[PDB]
Amino acid sequence: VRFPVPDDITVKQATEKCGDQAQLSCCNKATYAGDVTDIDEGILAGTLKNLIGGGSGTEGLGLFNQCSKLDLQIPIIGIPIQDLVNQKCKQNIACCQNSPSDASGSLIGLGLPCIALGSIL
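Residues numbered from 1 in each chain as written, not as in the entry; some residues may be left out. Heavy atoms only, no water.

A.B. asks: Describe the overall build of the chain, with residues and values.
C.D. replies: For the chain, the helix and strand inventory stands at 4 helices and 4 strands. Along the chain, helices and strands appear, N-terminal first, in the series α-β-α-β-α-β-β-α. Its C-alpha atoms give the chain a radius of gyration of 14 Å, within 12% of the compact-globule value 14 Å for 121 residues. C-alpha atoms of the chain, sized along the principal axes, occupy 50 × 25 × 25 Å. Put simply, the chain has 121 residues, and 38% of those count as buried. Taking as baseline every contact in the chain between residues at least 6 positions apart, the subset at least 24 positions apart corresponds to 83%. Surface summary for the chain: the accessible area is close to 7200 Å², and the carbon and sulfur share equals 52%. Charged side chains of the chain number 8 positive and 12 negative; the gap between the two group centres comes to 6 Å. (Helix = DSSP H or I, 4+ residues; strand = E, 2+ residues; numbered from the N terminus. Rg over C-alpha atoms; globule rule 2.2 N^0.38 Å. Buried < 20%, exposed > 50% of the residue type's maximum accessible area, 1.4 Å probe, protein only. Contact = heavy atoms within 4.5 Å. Areas by Shrake-Rupley, 256 points an atom, 1.4 Å probe, with all protein chains shown as cover. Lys, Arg positive; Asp, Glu negative; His and termini not counted. Charge placed at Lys NZ, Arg CZ, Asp CG, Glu CD.)

In C-alpha cells:
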C-alpha cells in the first residue's frame with residue numbers, strides 16, 4: 001500500500017470519508033492505473049471522482065484484485081467500541097464504488113475499481 005490509511009480511522013469513519021456509495025475493502029494485490037500504461041487512469045478517475053467529491057488522489061487509484069469487503073460494525077452498540085480499519089485489516093485498504101455501471105465497470109472486470117483511502121486523506 002503506497003498510501004496507508006490513518007490508524008485512528010474507524011471502519012465507520014472510513015466509510016463516511018469515502019462517501020455513502022463506497023465501502024472499505026481489503027485487497028492482497030494492487031495495480032495502480034498510473035503505474036501501468038495499458039490502463040487509462042482518466043476513465044477510472046472519472047467514475048471514482050464521484051466518491052472523492054472534492055479533492056485529488058488518483059495516485060492510489062486503479063484495479064484491485066483478490067479483495068474482500070469489510071463489514072460495518074454497529075455504531076456505538078451500547079459499548080463505545082472504536083473499530084479501527086488498520087486493527088482488523090493487514091491488507092491494502094481501499095474504498096470501492098458500490099455502483100455497478102456499464103461505463104467503466106462492466107467491460108473492465110479485470111479487477112475491482114477502488115481507491116486507497118490514504119490518497120484522499
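A.B. asks: I'd love a proper account of the sheet that holds strand β1 (residues 22-32), names of residues and values included.
C.D. replies: Judged by pairing direction, the barrel is antiparallel, and its 4 strands sit side by side in the order β1-β2-β4-β3 before closing back on the first. Pairwise comparison of adjacent strand axes, ignoring direction, gives a mean angle of 65° for this sheet. Of the pairings in the sheet, the one linking β1 to strand β2 (residues 61-69) comprises 7 bridges and is antiparallel in character. Across the sheet, residue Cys26 finds its bridge partner in β2, namely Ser68. Docked against the sheet, helix α1 (residues 11-18) engages β1 and β3 (92-97), running at close to 80° with respect to β1. Across the sheet, helix α2 (residues 41-52) is in contact with β1, β2, β3 and β4 (112-116); its angle to β4 comes to roughly 55°. (Pairing = 2+ DSSP bridges. Axes fitted to C-alpha atoms, helices over the stretch in contact; angles between N-to-C directions.)

Keep in mind these values describe shape, not function.
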